[PDB]
Amino acid sequence: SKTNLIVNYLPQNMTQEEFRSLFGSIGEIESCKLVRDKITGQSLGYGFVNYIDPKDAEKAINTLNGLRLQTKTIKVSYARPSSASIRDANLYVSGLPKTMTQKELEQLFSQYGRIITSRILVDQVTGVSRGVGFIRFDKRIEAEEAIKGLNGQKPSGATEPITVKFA
RNA sequence: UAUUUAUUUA
């Protein structure tokens, strides 16, 4: 992209001043906004930062993505143009073979579009995959196509079909 | 089985 970034997985405890201070350390900011619930005013876990110089947005991604704050590992990337088309593109998947890795899950789902995020849930105790997870596509239409082409199907070597639905 | 609960901001 260019100068506008979206920062995800922000700690519930982080303040906008800390937000601006952390990203302000990279370079001049034209504006930034820790997103908050319109009624409660509490942080929603993410925010945006728009740099003056695109080279700084690049440096922000290169240096701050993966930074661990409190219980979070923040993610820094380019904000896609705000559009209703990117909303509601998150899927809930179950029945996956527990042998499946996240790399394989994305390879499976990527046939239908650009993946923004993927996550396979694991058991705290045994540590074994639970065969469930989430996949968020770039476009709602891509998620709809994945539901149609993957719900009730059996992946590559699977013996059991999987369920795909909007989160 | 709902995520590092929560990726598009008067």
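Reckoned from all heavy atoms, side chains included, excluding hydrogens, waters and symmetry mates. Here is how names work: the chains are called A, B, and so on, in the same order as the sequence lines, proteins then strands, and each is numbered from 1.
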In whole Å, what is the span from the [atom1] atom of [X] to the [atom2] atom of [N]?
| X | N | atom1 | atom2 | answer |
| --- | --- | --- | --- | --- |
| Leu91(A) | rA6(B) | CG | P | 15 Å |
| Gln124(A) | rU4(B) | CD | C1' | 12 Å |
| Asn13(A) | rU4(B) | CG | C1' | 13 Å |
| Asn65(A) | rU7(B) | CG | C1' | 13 Å |
| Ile6(A) | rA6(B) | CD1 | P | 12 Å |
| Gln70(A) | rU4(B) | CD | P | 18 Å |
| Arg36(A) | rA6(B) | CZ | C1' | 16 Å |
| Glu160(A) | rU1(B) | CD | P | 17 Å |

Any side-chain N or O of [X] under 4.0 Å from OP1/OP2 of [N]?
| X | N | value |
| --- | --- | --- |
| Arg68(A) | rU4(B) | no |
| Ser94(A) | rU1(B) | no |
| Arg119(A) | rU4(B) | yes |

Is the distance between the ring centroids of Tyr92(A) and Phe134(A) under 6.0 Å?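 Yes - the distance between ring centres of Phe134(A) and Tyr92(A) falls below the 6.0 Å cut-off.
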
How about [X]: does its [atom1] atom have over 12 heavy atoms from other parts shown lying under 6.0 Å from it?
| X | atom1 | value |
| --- | --- | --- |
| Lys148(A) | NZ | yes |
| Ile141(A) | CD1 | no |
| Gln70(A) | CD | yes |

With heavy atoms under 4.0 Å as the rule, sort [X] into base, sugar-phosphate or nothing.
| X | answer |
| --- | --- |
| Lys98(A) | nothing |
| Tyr46(A) | sugar-phosphate |
| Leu121(A) | sugar-phosphate |
| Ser43(A) | base |
| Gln12(A) | base |

Using the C1' atom on both, measure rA6(B) against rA2(B) and round to a whole Å.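 So the two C1' atoms sit 10 Å from each other.
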
Quantified in whole Å, what is the P atom distance between nucleotide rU5(B) and nucleotide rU9(B)? 23 Å

Member of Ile120(A), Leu121(A), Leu96(A) meeting the side chain to side chain contact (heavy atoms under 4.5 Å, CB included) criterion with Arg130(A): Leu121(A)

Using a distance-only criterion (donor-acceptor N/O pair, under 3.5 Å, no hydrogens), is the base of [N] paired with the side chain of [X]?
| X | N | value |
| --- | --- | --- |
| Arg80(A) | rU8(B) | yes |
| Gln42(A) | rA6(B) | no |
| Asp123(A) | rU1(B) | no |
| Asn4(A) | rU9(B) | yes |
| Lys75(A) | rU7(B) | yes |

[X] side-chain proximity, nearest of [options]:
| X | options | answer |
| --- | --- | --- |
| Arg136(A) | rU8(B), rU3(B), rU7(B) | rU7(B) |
| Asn90(A) | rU3(B), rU8(B), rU1(B) | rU3(B) |
| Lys33(A) | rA2(B), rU3(B), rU9(B) | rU9(B) |
| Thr73(A) | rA2(B), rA6(B), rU4(B) | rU4(B) |
| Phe134(A) | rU5(B), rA2(B), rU9(B) | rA2(B) |

RNA chain B: 5'-proximal contact among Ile74(A) and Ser83(A) (nearest heavy atom):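 First, find each residue's nearest nucleotide; the 5'-ward one identifies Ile74(A).
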
Rounded to the nearest 0.5 Å, what separation is found between the CD1 atom of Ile6(A) and the CZ atom of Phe48(A)?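 So the gap between those two atoms works out to 4.0 Å.
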
Spell out, as yes or no, whether a donor-acceptor pair under 3.5 Å connects the side chain of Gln16(A) to the backbone of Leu34(A). yes

Would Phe48(A) count as stacked on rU8(B) if the rule is ring centres under 5.5 Å and plane angle under 30°? no

